[PDB]
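Q: Model the structure of this input:
(chains A and B, ligands or ions: 1)
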Amino acid sequence: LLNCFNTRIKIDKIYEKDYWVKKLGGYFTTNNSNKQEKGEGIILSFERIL
Amino acid sequence: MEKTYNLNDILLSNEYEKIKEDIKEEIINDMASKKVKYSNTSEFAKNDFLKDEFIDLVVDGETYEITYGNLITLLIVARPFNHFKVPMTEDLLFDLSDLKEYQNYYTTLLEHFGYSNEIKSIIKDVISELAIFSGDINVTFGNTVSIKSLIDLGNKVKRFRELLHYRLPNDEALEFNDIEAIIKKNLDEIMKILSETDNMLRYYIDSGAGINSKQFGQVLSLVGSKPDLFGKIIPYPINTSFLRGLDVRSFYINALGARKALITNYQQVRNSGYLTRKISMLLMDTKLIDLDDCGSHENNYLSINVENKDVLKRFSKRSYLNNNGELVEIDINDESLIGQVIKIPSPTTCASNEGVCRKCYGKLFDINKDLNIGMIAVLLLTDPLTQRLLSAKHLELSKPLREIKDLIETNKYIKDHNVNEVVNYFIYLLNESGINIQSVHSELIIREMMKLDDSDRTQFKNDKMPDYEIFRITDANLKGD
Ligand SMILES: [Zn+2]
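A: Residues are numbered from 1 along each chain as shown, chains lettered A, B, ... in the order given. Have a look at this structure:
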């Protein structure tokens, strides 16, 4: 949890899901403008794993 | 010469050019007839010149005492009113003896007649006619330089003789700062003596034409201390004037500097200019929209700190949120806004994807609409920076230039700071370096560097500040993919 929380965060976004989706997407895609889409796609693949 | 001239009667007459012609002809013919007399003292010598005689000028019923020369200058520079047939209000009259004010008068002409091409043509004709007459003045009045001119003043004014023959005290207690202080004290006196006496060099000193302070004092009074090859000040100063001669030791010190100047110009050849192409690429596409209000929230408006007088100057012709109301143009002359953070509509925060609005860009919208706005910004920043880097090599003075580049071309400060902090850092960097740019142009560069994380252009009207990420100038080009 502490590793997930970087110091450069605002408390308002912590309770916002789409910020976390974008954070997940950022690992796979460098561009900050498409991050959200990648994250959502990754979630689908995650569900396909099992 | 006639002793009463009605301004707007001649300007709105169809004999406007003929009146100037005969006055211009009369003034130059007078100058050819008589010589100029010099007394080389504070009690000036008398000369019977028409340019210096007085006439009465009637502007809308009000009489001003104006010299014949100021009249012909006024008529030449009031050509707009003959062309447009619109009279000259007394607001537009200015001091015709201080040539600095002419620039501002041309500025008021541009605003009054609407920044049109027609007024742009007339100003060009005014500058042309003013210059052509200057040659006639110069070829008839005459201008000369002589060492006898210096000798003639010193024979009457003992202070000139004593400064022309000045030699430093040989105390070892004197230091580089003490000698440089004596340099200003005796040079400031020299220029004052030349302005307050009837000498052949008086018009040079008062006009500011062909006069450089340092080099003037080295010929007349004292050269001073000089740096060596690597910048260290040589312990021995040059206690002579070029007019009086130099010492063999001093000759070596001068040759060291002249050689150093030559070596420096060889090093100065370096001109990378890589940033010029990068900044131009991002900003070339930015355009303007004929929309008065894009629609933005005051918290989304940019906030800037007016710490210095230099800060307010950068934000002229732009909007400001007064404490009583909202959206009033900031007056740079009012120092009341110094020390107050203020909310400004910014080209960074303009909502419309097509272009930046008239309130966020500023009042320069109609002035710079014909040209490419982004390209105007890149040249206003590049030409100083490229020139400042080269000029600094000759002399912490070089450091501002590097930090300016690091701010926009590296992610050192981009990744951990907001745009409100980024633009204010930019104006701080420009102020220290001496770069004079209105902040709208610098903000447009930051606007394209700024890339929205949210990826929605019109979300700016929402009170919540949009999610975004600033990027490096080369990285922002790469992010397009
Ligand atoms: Zn706008």
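Q: residues contacting residue B:343?
A: B:298, B:301-303, B:320-321 (CB atoms under 8 Å, 6 or more residues apart in numbering or on different chains). Where C-beta positions appear, they are placed from N, C-alpha and C, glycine not excepted.
Q: Quick check: bridge partners of it?
A: Beta-bridge partners recorded for residue B:343 (DSSP bridges): residue B:303.
Q: gap between it and residue B:307?
A: Distance, residue B:343 to residue B:307, using CB to CB, to the nearest Å: 16 Å.
Q: Next: residue B:61.
A: From residue B:61 across to residue B:307, the span is 48 Å (CB to CB).
Q: ditto for residue B:288
A: 30 Å.
Q: Looking at those two, which is more packed in?
A: residue B:288 (20 against 16; other CB atoms under 10 Å in any protein chain shown).
Q: Residue of the stretch 251-400 of chain B closest to the ion, please.
A: Closest contact between the stretch 251-400 of chain B and the ion, by CB to the ion, is at residue B:350 (2.4 Å).
Q: Quick check, that residue in contact with residue B:357.
A: Yes. Using CB atoms under 8 Å, residue B:350 and residue B:357 qualify as a contacting pair, with a distance of 5.3 Å.
Q: Residue of chain A closest to the ion, please.
A: Closest point on chain A to the ion, by CB to the ion, is residue A:33, at 20.6 Å.
Q: Just give the closest residue to that residue, not the sequence neighbours.
A: residue B:455 (4.2 Å; CB to CB, 6 or more residues apart in numbering or on different chains).
Q: coming back round to it: and for residue B:350 and residue B:357, which residues touch both?
A: In contact with both residue B:350 and residue B:357: residue B:294, using CB under 8 Å, 6+ apart.
Q: Comparing the two, which shows the higher neighbour count?
A: residue B:350 (26 against 22).
Q: How about the contacts made by that one?
A: Residue B:350 neighbours (CB under 8 Å, 6+ apart): B:294, B:296, B:356-357, B:360-361, B:447, B:460.
Q: Could you count how many residues lie near the closest residue to residue B:352 other than its chain neighbours?
A: Here the nearest residue to residue B:352 in space, its sequence neighbours aside, is residue B:294; by CB to CB, 6+ apart that works out to 5.0 Å. Using other CB under 10 Å, residue B:294 has 21 other residues around it.
Q: Distance of residue B:294 relative to chain A?
A: 21 Å (CB to the nearest CB, to the nearest Å).
Q: re earlier: what about the residue of chain A closest to the ion, which SS state?
A: coil (DSSP: H, G, I helix; E, B strand; the rest coil).
Q: so it touches residue B:451, yeah?
A: Yes. Contact criterion CB under 8 Å: residue A:33 and residue B:451 qualify, at 6.8 Å.
Q: Give me the common contacts of the two.
A: In contact with both residue A:33 and residue B:451: residue B:479, using CB under 8 Å, 6+ apart.
Q: one step back: could the contacts of residue B:343 go into a markdown table alongside distance to the ion?
A: Below are the contacts of residue B:343 laid out as a markdown table (distance: CB to the ion, whole Å):
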| residue | distance to the ion |
| --- | --- |
| B:298 | 13 |
| B:301 | 9 |
| B:302 | 10 |
| B:303 | 15 |
| B:320 | 15 |
| B:321 | 14 |
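Q: Who's the closest spatial neighbour of residue B:458, skipping the chain neighbours?
A: Nearest one to residue B:458, counting by CB to CB, 6+ apart, is residue B:351 at 5.2 Å.
Q: ok, that neighbour - contacts?
A: Residue B:351 touches B:294-296, B:357, B:457-461, counting by CB under 8 Å, 6+ apart.
Q: Likewise for residue B:101?
A: Per CB under 8 Å, 6+ apart, neighbours of residue B:101: B:94-95.
Q: Next secondary structure after whichever strand or helix holds it?
A: Per DSSP states H and E, residue B:101 falls inside helix B:100-112. Downstream of helix B:100-112, the next assigned helix or strand under DSSP H and E is helix B:117-141.
Q: buried set for that next one?
A: B:119, B:122-123, B:126, B:129, B:133, B:137 (16 or more other CB atoms under 10 Å in any protein chain shown).
Q: Stretch B:265-279 now?
A: Using 16+ other CB under 10 Å as the test for burial, stretch B:265-279 gives B:275-276, B:278-279.
Q: repeat for stretch B:22-35
A: For stretch B:22-35, using 16+ other CB under 10 Å, the buried residues are B:23-24, B:27-28, B:30-31.
Q: now swap in stretch B:86-97 and tell me
A: B:88, B:93, B:96.
Q: From the chain's centroid, how far away is it?
A: In terms of CA atoms, centre = their mean, to the nearest Å, the gap separating the centre of stretch B:86-97 from the centre of its chain is 23 Å.
Q: now do the same end-to-end measure for that stretch.
A: 25 Å (CA to CA, to the nearest Å).
Q: which residues does the closest residue to chain A within the stretch 1-150 of chain B contact?
A: At 39.0 Å from chain A, residue B:115 is the closest residue in the stretch 1-150 of chain B, using CB to the nearest CB. By CB under 8 Å, 6+ apart, residue B:115 lies in contact with B:366-367.
Q: rerun that using 10 Å as the cut-off
A: Going by CB atoms under 10 Å, 6 or more residues apart in numbering or on different chains, residue B:115 touches B:109, B:366-370.
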